[PDB]
Amino acid sequence: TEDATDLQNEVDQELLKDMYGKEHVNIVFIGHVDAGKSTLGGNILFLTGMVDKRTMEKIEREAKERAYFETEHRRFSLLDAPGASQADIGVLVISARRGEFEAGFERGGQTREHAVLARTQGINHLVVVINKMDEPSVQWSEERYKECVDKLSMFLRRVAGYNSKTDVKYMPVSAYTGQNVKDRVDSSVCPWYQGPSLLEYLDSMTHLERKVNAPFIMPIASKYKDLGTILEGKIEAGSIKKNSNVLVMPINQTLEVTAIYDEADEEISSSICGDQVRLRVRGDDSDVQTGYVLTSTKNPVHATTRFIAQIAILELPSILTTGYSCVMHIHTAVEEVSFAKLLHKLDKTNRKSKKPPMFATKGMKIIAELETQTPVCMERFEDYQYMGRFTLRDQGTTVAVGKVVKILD
Ligand SMILES: Nc1nc2c(ncn2[C@@H]2O[C@H](COP(=O)(O)OP(=O)(O)NP(=O)(O)O)[C@@H](O)[C@H]2O)c(=O)[nH]1
């Protein structure tokens with residue numbers, strides 16, 4: 001009465017990375033006139049293979065009156081301060097050095113202005129980086145750190161509403177020495193800290209504003225019963241609440257939510273994307289099956305039967321073009337998909353081709369138009385990666401993998 005193992009069968013050679021780009025994220029550093037906002041920036045760029053020492057060293061000093069970096073799964077465009085002009089991560093940078101820290105909380109202090117500046121830009125999950133933990137006046141003191149967090153914590157809730165148990169991530173770092181920015185500080189220097197580096201965190205946290213604000217989208221992953229009807233799934237976009245009306249596509253059926261449960265069967269009032277929920281719903285669910293998608297009544301997830309997509313073949317068939325029949329799995333979908341009116345090829349530098357491939361096979365990729373006999377929810381991988389990431393199985397055994405590039409009428 002369920003479904004396991006989605007596109008976790010993407011367990012394939014690591015040329016997944018090629019077609020399947022990294023995730024684009026917009027991050028912005030809000031800081032003081034002395035925070036280390038720039039040195040931290042510059043340090044991340046060098047530390048992350050983006051730029052050399054001499055370049056980094058430039059930026060460090062050109063702080064006197066679009067860049068980006070990478071991480072295993074994300075590319076982080078850097079925005080400024082005073083759609084993809086709206087940030088997904090707001091990192092307030094504070095200095096722990098005695099004097100500077102305390103300074104910003106007083107009168108000339110922009111710390112209150114910055115907190116408000118965050119709220120001004122839709123940061124409802126502020127990452128706070130407490131910089132300068134190497135400083136002689138800091139020495140990585142567990143108390144000086146824990147003194148700053150508290151102070152900031154009380155503060156932020158007051159001046160800008162940030163509740164620090166669920167709206168702000170605190171993390172000690174050293175932009176100058178690079179300690180805790182890429183690799184978690186080694187226990188030698190600081191024994192107490194137990195979390196991840198700054199980039200570790202940034203490379204995996206779910207709360208990305210753009211995504212948290214997008215229309216709700218949770219691919220149904222299980223039909224199993226309980227009090228009544230349940231529906232597990234990793235929310236991929238937006239948020240879901242209590243007593244919230246939700247759509248089921250492609251069956252355009254409205255349906256009200258009644259209770260949310262997490263990975264500890266404990267009733268939570270809400271949940272965002274990235275979470276792995278176990279929603280419980282109420283209504284005519286006489287047509288609700290795994291592979292379908294829960295979504296926003298106003299801006300629902302798309303669902304078509306014709307669409308473009310870049311495919312890449314695997315095993316050893318030789319099968320040709322316009323009429324290949326296999327299994328698609330995009331999210332938790334599982335639907336019939338017939339190769340139709342093809343278009344191009346691909347070669348090394350994600351090229352293309354001028355001649356519509358005769359066929360495809362063992363060692364080849366292509367941007368073909370596929371048709372399904374019945375609608376299936378999907379989005380441009382470019383827009384909602386998961387929701388546009390499929391694989392093709394044939395009579396029991398895997399054969400290809402693709403990302404849907406364009407959705408057709
Ligand atoms: N001890 C120590 N000093 C630091 C550290 N980072 C920066 N500083 C000092 O603080 C000064 C100001 O840093 P800076 O990053 O330029 O501040 P900013 O005003 O936030 N930069 P910008 O305005 O360009 O974003 C630098 O001249 C440097 O000497 C650090 O990690 N440790």
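Residues numbered from 1 in each chain as written, not as in the entry; some residues may be left out. Heavy atoms only, no water.

The record names X-ray crystallography as the way this model was obtained, at a resolution of 3.20 Å.

Asks: Break down the packing of helix α1 (residues 37-47) against helix α2 (residues 53-61) for me, citing the residues and quoting the values.
Replies: For the pair α1 and α2, the least separation of the axes is 9 Å and the interaxial angle reads 165°. Judged by the inter-axis angle, α1 sits roughly antiparallel to α2. Relative to α2, α1 is oriented so that their crossing is right-handed. Facing α1, whose interface residues are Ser 38, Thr 39, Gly 42, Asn 43, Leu 45 and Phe 46, α2 presents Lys 53, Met 56, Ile 59 and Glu 60. (Axes fitted to C-alpha atoms, helices over the stretch in contact; angles between N-to-C directions. Helix = DSSP H or I, 4+ residues; strand = E, 2+ residues; numbered from the N terminus. Parallel < 35°, antiparallel > 145°, perpendicular 65-115°, else oblique. Left-handed = near helix turned anticlockwise from the far one by under 90°. Contact = heavy atoms within 4.5 Å.)

Asks: Account for unusual backbone geometry, naming residues and giving values.
Replies: For the bond from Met 249 to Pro 250, the omega torsion is 5°, close enough to zero to count as cis. Mapping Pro 250 onto the fold places it in the loop between β10 (245-249) and β11 (253-261). Phi is positive for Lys 132, close to 70°, though the residue is something other than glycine. By the element assignment, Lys 132 lies in the loop between β5 (126-131) and α5 (142-160). With a phi close to 50°, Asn 243 is a non-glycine residue in the positive phi region.

Asks: How would you summarise the site of the ligand if you had to cite specific residues and measurements?
Replies: As a matter of local geometry, the ligand sits amid 15 residues, with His 32, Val 33, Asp 34, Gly 36 and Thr 39 nearest to it. Here an oxygen atom of the ligand sits 3.3 Å away from a polar atom, N or O, in the main chain of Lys 37. When isolated, the ligand has an accessible area of 650 Å², and the protein chains bury 64% of it. Residues belonging to the shell around the ligand are distributed by class as follows: 5 nonpolar, 5 polar and 5 charged. (Near = heavy atom within 4 Å. Polar contact = N/O pair within 3.5 Å; in protein donor to acceptor, adjacent residues only side chain to side chain. Areas by Shrake-Rupley, 256 points an atom, 1.4 Å probe, with all protein chains shown as cover. Nonpolar A, V, L, I, M, F, W, Y, C, P; charged D, E, K, R; others polar.)

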